[PDB]
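Chemist: Please read through the structure below; I'll follow up with questions.
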Amino acid sequence: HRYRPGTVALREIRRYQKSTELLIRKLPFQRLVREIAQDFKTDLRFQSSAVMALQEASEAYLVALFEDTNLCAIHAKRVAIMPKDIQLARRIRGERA
Amino acid sequence: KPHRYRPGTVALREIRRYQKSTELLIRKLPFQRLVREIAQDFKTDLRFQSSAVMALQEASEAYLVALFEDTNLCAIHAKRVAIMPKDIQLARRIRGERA
Amino acid sequence: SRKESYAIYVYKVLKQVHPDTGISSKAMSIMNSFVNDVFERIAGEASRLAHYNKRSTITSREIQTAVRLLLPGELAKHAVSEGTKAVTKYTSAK
Amino acid sequence: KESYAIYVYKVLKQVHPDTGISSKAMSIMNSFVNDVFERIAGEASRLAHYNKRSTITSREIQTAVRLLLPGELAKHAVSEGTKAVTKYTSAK
Amino acid sequence: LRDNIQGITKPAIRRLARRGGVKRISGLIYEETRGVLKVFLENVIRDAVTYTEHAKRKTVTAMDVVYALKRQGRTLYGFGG
Amino acid sequence: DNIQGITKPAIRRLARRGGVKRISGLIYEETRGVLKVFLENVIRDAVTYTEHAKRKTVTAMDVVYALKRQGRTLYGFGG
Amino acid sequence: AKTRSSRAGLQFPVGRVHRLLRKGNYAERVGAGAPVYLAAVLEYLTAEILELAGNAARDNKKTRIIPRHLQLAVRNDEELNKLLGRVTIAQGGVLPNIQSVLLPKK
Amino acid sequence: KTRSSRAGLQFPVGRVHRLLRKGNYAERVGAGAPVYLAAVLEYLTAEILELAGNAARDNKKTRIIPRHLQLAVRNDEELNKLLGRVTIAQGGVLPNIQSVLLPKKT
DNA sequence: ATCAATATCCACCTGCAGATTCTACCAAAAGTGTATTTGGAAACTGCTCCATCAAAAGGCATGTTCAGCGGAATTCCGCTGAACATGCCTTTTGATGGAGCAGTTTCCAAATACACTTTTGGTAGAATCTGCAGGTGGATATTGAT
DNA sequence: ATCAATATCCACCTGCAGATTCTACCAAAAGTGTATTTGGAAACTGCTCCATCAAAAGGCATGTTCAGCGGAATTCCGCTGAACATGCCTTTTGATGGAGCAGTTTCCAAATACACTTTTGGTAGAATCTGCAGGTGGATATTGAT
């Protein structure tokens, strides 16, 4: 047995749009947060709720950028999002202007 | 034998010309009536300081010219050179104007 | 210590609407964030209106225009109604 | 109606001694100053409240400048600001 | 007043696409653009005129327009702000 | 690496929530770079708020206030 | 002139909204009706979302409202969605939605 | 002596300090505040005028006009960001044609 | 169309993390009553500038023709992501000192508030000043046909 | 490439509108100088809750296989850009009359300012309770294969 490409994907789509749990693992994330901040001010401590807010925000940000990106890929009559699709989206959003 | 520029040549001349100047590109009077029409048919008996009509035209043109750049990008993304309604639409959707 | 929040008045309202429905903490937190947000946006615009007009006072008049300027068509319709009503009832009462 | 025009002009003359400015441009410069003015004071204002402080001091102003301006502009703005406060602090 | 949107002619809408860098233009763009300009103006004028009324004035001033624009995140330098 | 700690499966899990069916190969590296700029923008601001308050601990409000001026208002963690 | 909220006939703290309007530095002075009007506007908007979120929860065989239910009530409502157009509701997820062109050809 | 001189500045310190009060930003304003904010305002108008000034020179002009201001702002990474959502009336756009639109090859 | 493999749906179960309930302390609220202060509406009205009518003219919009080239449809096919089973390394979870985040108290530099005095930047307005837009022509590219 | 039709570049020239140059006035504004008030820094400190860690736990990194995606090459149709003739209506220059913006003064309903008085929402510590999330099971819809 074997599922055709895309089949498990739509399954994955249906599933994840139903849930609200975060999709990035907390530990790797927290590490990335502290790392980035260490360049702004040494020796900093983070409230667990602060990292949580940053993550909740970050994911909500990416999940949406992926929507607009999907829209740019589809615009170009494709079904697979590409780097250019992210590029075009951020550019129209002013994140590049 | 008549001389004739190929399609796109004049177009690029115009881009170079308009991108070089800064005068408003929509007819003064026609734009004013459109303003009064819209304003009036949302609350009557209104008057307009000439400068209020000019700020709306300054804001409107600057809005549309920027919209056309985004549109132009969306067309190019789709490997085309002529912008379409669907490009203007993708742009406003992402800009979060219609979404 | 001491931390105010709209959490109880939210709960009171939740009961005139869904007497048998309850709310989770994380949710209440969102409703609290929701009220403070609207509060600020409405206040701010009220503030600006007064300043534009060279006025030292924010009245319900300012709060009204602010709602008009801030809320979407139908939502703003009701918002004005509710608001005019609360001020009327109030004034007409010792 | 107050402006910022004579000051913009004074500064104009410092950087470009032989250049002028059309009134339409002076006008845009005026909107510019008033704009940044509001932005900074607003940032200043909220910074104060988030911190339950009833006073806007040069310290809130400086954070607001850091919060609002892009990297290099901020560094230089912060420098000119401290420099002025220090000097004013030592003078009457 | 009627059909004034048609005063935003094809030639003018074309001049704007040019400054925007647009080289070729499909045929349905002109009406698509009119519809978009229309919404833009309805949004700025409504707010503008809400400011006028609040001030109990009958004349829409440049500041009314400048404040409406600032509200909509489209800040304009040049007319009192 | 840290930014590499934000993994393909997770980045793919996100894309999914966003309605994405097929994902090119160069997305994951692009995605991270974007996530990086996002956090650098928000944290920088949040950390400026931490210092103004003379604290050594970035607080949830410090983040909420940064997100708000970034135009990314977030409900649920304060204010 | 009484407990102000009760006079205005409101559940929201007309006295607290007034206090916050001042402590907020929005104007030198604050009229008497402004806090009533404003508290009325907040309460109404509060009922609106809770009203829709309740439906959202019932429609899921659930009696207690969670974030997801607030998000569903919001983004499924044209006007609210607009008002909270630049707001993120933690733990709200997104609305189910698959671009047609991505569905298997029937 | 004007506080501007005491601070060593061209921009009007008093006027600022005053505008801070009428603007209602806090119950009080330190004297150091208007000094700093006038310094930052003055530094900023200098930077944009330095760049507008050059734009005029580059166009063989002596009197700065809006377009020059626009060129200076759009060509400067940071001023451009600081003013990313500002429209300078009568400034035009920067000249710029996408590559794919130019003719020929190579 | 016919299995075979799976994934999905759903009705029932229940243990517990988180929601509910009860009870008492209390400072920060919020309401009450008094005394004083004042913002800004009202009424008279100067004077700015908006709507508007007229009139002449050329710069632009309109509408046509026509052909080139852009874009949609279609066939190909090289290769790249998606699915999947294989195997362990990193995230998660509950647990323990100690660092700061807050709560509390002090007292001092600095911020109102108030009374004068002096410096100044708007401005109403006649008057001369000057960068340059718009017209000109003619030497320098840029196109496009052959 | 060579030629020819055309648009571009640009330094010179000059009209005129917009910018610069004061004379005289001034109110409000910025500054000077006590007197009084107080915000919040500075220091001590309890006690949350954050960083660290070990161990139960549960993804994710990895290589194979091939389905199908996307870009290339090709083709034909019809739509859009250039060019052109024509004549409309925008633009421009002016002046008129009056609505309405905006200044000035008068003055009370409402707002600030205490200060005594009563009430309440938030917090802490304890015990009790309940919506529902994972878990089970067996029916069944879906998908992919032949």
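Every residue number used here counts from 1 along the chain in the order it is shown.
Determined via X-ray crystallography, 2.9 Å.
Each Cβ is built from the backbone N, Cα and C atoms, and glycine gets one as well.
Pulled from Swiss-Prot, these are the listed features:
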- F:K8: UFM1 cross-link (CROSSLNK)
- F:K68: ubiquitin cross-link (CROSSLNK)
- F:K8: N6-(2-hydroxyisobutyryl)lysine (MOD_RES)
- F:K8: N6-propionyllysine (MOD_RES)
- F:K21: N6-(2-hydroxyisobutyryl)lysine (MOD_RES)
- F:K21: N6-propionyllysine (MOD_RES)
- F:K36: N6-acetyllysine (MOD_RES)
- F:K36: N6-glutaryllysine (MOD_RES)
- F:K54: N6-succinyllysine (MOD_RES)
- F:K54: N6-(2-hydroxyisobutyryl)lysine (MOD_RES)
- F:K54: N6-propionyllysine (MOD_RES)
- F:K56: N6-propionyllysine (MOD_RES)
- F:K68: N6-propionyllysine (MOD_RES)
- F:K68: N6-acetyllysine (MOD_RES)
Chemist: If you measure Cβ to Cβ, which of the recorded positions F:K54, F:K56, F:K68 are under 8 Å from chain A?
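Modeler: From F:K54, F:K56, F:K68, flagged as close to A: F:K56.
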Chemist: From the Cα of F:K8 (UFM1 cross-link) across to the Cα of F:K21 (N6-(2-hydroxyisobutyryl)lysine), what is the distance in angstrom?
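Modeler: Computed Cα spacing between F:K21 (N6-(2-hydroxyisobutyryl)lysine) and F:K8 (UFM1 cross-link) is 15 Å.
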Chemist: If you count, for each of the recorded positions F:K8, F:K21, F:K56, F:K68, the other Cβ atoms lying within 10 Å of its Cβ, which residue has the minimum?
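Modeler: Minimum Cβ neighbour count within 10 Å, taken over the recorded positions F:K8, F:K21, F:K56, F:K68, occurs at F:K56.
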Chemist: Taking F:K36, F:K54 as the modified residues to compare, which has the smallest set of other Cβ atoms within 10 Å?
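Modeler: Among the modified residues F:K36, F:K54, the lowest count of other Cβ atoms within 10 Å belongs to F:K54.
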Chemist: Which of these recorded positions is closest to the residue listed as 'UFM1 cross-link' if you go by CA atoms: F:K36, F:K54, F:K56, F:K68?
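Modeler: So, spelling it out, the nearest of the recorded positions is F:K36.
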Chemist: Taking Cβ distances under 8 Å as the criterion, give the subset of the recorded positions F:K8, F:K21, F:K68 near chain G, ordered by sequence.
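Modeler: Checking chain G against the recorded positions, the residues within range (Cβ-Cβ under 8 Å) are F:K21.
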Chemist: How many whole Å apart are the CA atoms of F:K36 (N6-acetyllysine) and F:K56 (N6-propionyllysine)?
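Modeler: Answer for this pair: 23 Å between alpha carbons.
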Chemist: Taking the Cα atoms as reference points, how far is F:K54 (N6-succinyllysine) from F:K68 (ubiquitin cross-link) in Å?
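Modeler: F:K54 (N6-succinyllysine) to F:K68 (ubiquitin cross-link), Cα-Cα distance: 21 Å.
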